[PDB]
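Okay, so here's just one chain, in structure tokens, the form deposited in one PDB entry.
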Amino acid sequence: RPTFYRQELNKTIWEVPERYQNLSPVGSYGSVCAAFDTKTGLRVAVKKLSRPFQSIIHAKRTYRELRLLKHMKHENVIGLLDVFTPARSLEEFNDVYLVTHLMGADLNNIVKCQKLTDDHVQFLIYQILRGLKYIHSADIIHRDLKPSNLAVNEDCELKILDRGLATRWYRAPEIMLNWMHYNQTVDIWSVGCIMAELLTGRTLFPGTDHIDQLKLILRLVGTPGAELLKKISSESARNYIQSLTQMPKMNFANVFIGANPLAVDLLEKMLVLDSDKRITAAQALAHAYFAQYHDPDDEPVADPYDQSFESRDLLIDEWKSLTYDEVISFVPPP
């Protein structure tokens, strides 16, 4: 094991291996320091989880987060450099620290302070969909893909994160109707919204609440056809939908007038009401808009990810001991 030191920072008492040095507050389910890794000469992020075992909910979340990050090994997805605890045994086990690459800015920190070239839009979105193929191949649905959940460096390299450094704006329509049985393509909807915005400099659907959101969506893509309406069991949803004057499907070419026409085509295949018909991550990767970036031999899939634990109601000490096992068995990257 290594030797630890304690330090006060912003009311929280930090205790880390000496290998981590120059700790400084980056921000704020835990708080995050930037730190110098003396082992590699690289700057890193060190997140102290707050109250990781406060309850059954926190504890399972803590385990969920550690299981996810141990699994994610892909250039466009946040992954884990280190995890530790000052605890000497399970009996003392009370804090968990997570270490990842220091990510300086999110996609939003870009869009707002620039106007993106088409080639930027191609590189950014290709990276998203490359990691999303990987995420999806693990049978994970991201569910909250939005600009604050995407890390982008000065080199315009991107990774998908679990959590940032308004959600509804990027949420698939089926989610705001509480449909339940989402497939992965709820994340494609979100990618379409992000893309639109990168091209346009404007939020595609700045809904004020969930009802407003559905309104703004139908104006673009138009009222659902017969083949779709017949799948909405909710009487109230049906009535709200049909009460909203029969809206024509706008021409995407006019909404995105001036965009690379191939970006318009891709957008049309992403932002489709019927999630059955939404282009998948792997499909999208082969769309000619990414011809410059696509390489089918460098778009890998994930090892299958065991998420049966999600189906379990366990005791705090059980989630705690599972988490403890995951820390102990962590094997760092190369």
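Numbering starts at 1 and follows the sequence shown.
This protein has a second form, the form deposited with a small molecule bound, left out of what is shown; the following refers to that one.
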**OP:** Considering only heavy atoms, tell me if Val255 and the small molecule come within 4.5 Å of each other in the deposited bound form.
**Re:** no
Original post:
Is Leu102 one of the residues lying within 4.5 Å of the small molecule in the deposited bound form, judged by heavy atom distances?
Top reply: yes
**OP:** Answer with yes or no whether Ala284 is in contact with the small molecule in the deposited bound form, where contact means some heavy atom within 4.5 Å.
**Re:** no
**OP:** Could you confirm whether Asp106 comes within 4.5 Å of the small molecule in the deposited bound form, counting heavy atoms only?
**Re:** yes
Original post:
Which residue among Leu161, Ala263, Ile128, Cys193 has a heavy atom within 4.5 angstroms of the small molecule in the deposited bound form?
Top reply: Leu161
